[PDB]
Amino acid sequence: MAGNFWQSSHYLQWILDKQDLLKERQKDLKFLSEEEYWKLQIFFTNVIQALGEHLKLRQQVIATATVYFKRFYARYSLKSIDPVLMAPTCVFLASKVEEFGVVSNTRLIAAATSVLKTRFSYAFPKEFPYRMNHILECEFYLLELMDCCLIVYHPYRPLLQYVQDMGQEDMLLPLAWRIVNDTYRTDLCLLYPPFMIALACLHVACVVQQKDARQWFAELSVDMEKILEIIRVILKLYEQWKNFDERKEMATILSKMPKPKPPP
């Protein structure tokens, strides 16, 4: 699949208003601060990233799984479904959509158990508690509450088209691609079209590597106001990165997070 973004379910249903997102978030903001909430989103982004790395999945599969996770918690509370169960479920569903196949029961559970044990022991003292019956249940809820919107468009594809158009695919692409992976620590994928995130990442990459791309950028006819809005978020994300000690803070932030209520 590689269709027009303006006719996609991604644009027509999953490009949200920054204020609608904040209003839906207010349910969880009674337990966690605005700061603690974006730290928790970074944490699970990095959890999905470690899951995809372990399973040897391409960056597109990892990114599709990230967007699913972010999309679900944009409409629902962190207590509705445990994010520790949502993270491997998203990875499982995105692997099927992106044509990478069905991760087996034993391969998926072992990946979730190992990743949390060897890479997230600072936040999780107990072993991964869920089994395949939990993933398969969560999968049905995830598919239902996303209105069956499975095709996700990412900034990686237009970014490669932009760098190739510049004739700087060797110099700029490694850094710009890395900056794109980092946007998954923010809500940009829920607010702006992918090509726009790719242009802002390429702009930050040109600034870091000190390259005059002003001419190329001026011959685009894109809303540079919206590109500047994304740049500020990218710049802000690195300052957030500096002041956030994931390993020292996550145990307390996960304890503050609302948990699923059991039946009476």
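So that there is no doubt, residue numbering starts at 1 and follows the sequence shown. In this text, the rigid core denotes the largest set of C-alpha atoms whose superposition between the two forms falls within 1.5 Å.
Note on 93-101 and 183-191: with rigid core alignment, C-alpha atoms in 9 other deposited structures of this protein sit farther from this form for 93-101.
Superposing the other copies on the rigid core and comparing 102-110 to 151-159, farther C-alpha placement in 9 other deposited structures of this protein marks 102-110.
Here 59-67 and 205-213 are compared by their mean Cα B-factor, and 205-213 comes out higher.
The question of which stretch, 235-243 or 222-230, has the higher mean Cα B factor is settled in favour of 222-230. Within the selection 182, 137, 82, 165, the deposited Cα B-factor values reach their highest point at 165. If you compare the C-alpha temperature factors of 113, 89, 77, 161 in the entry, 161 comes out highest. Residue 36 sits in the middle third of its chain by CA B factor, as recorded in the PDB entry. Annotation for residue 100: C-alpha temperature factor in the highest third relative to the rest of the modelled chain, per the entry. The entry lists a Cα temperature factor for residue 13 that places it in the middle third of the chain's modelled residues. Among all modelled residues in this chain, the alpha-carbon of residue 157 has a temperature factor (C-alpha) in the middle third. Ranked within its chain, residue 144 lands in the middle third, by CA B factor from the PDB record.
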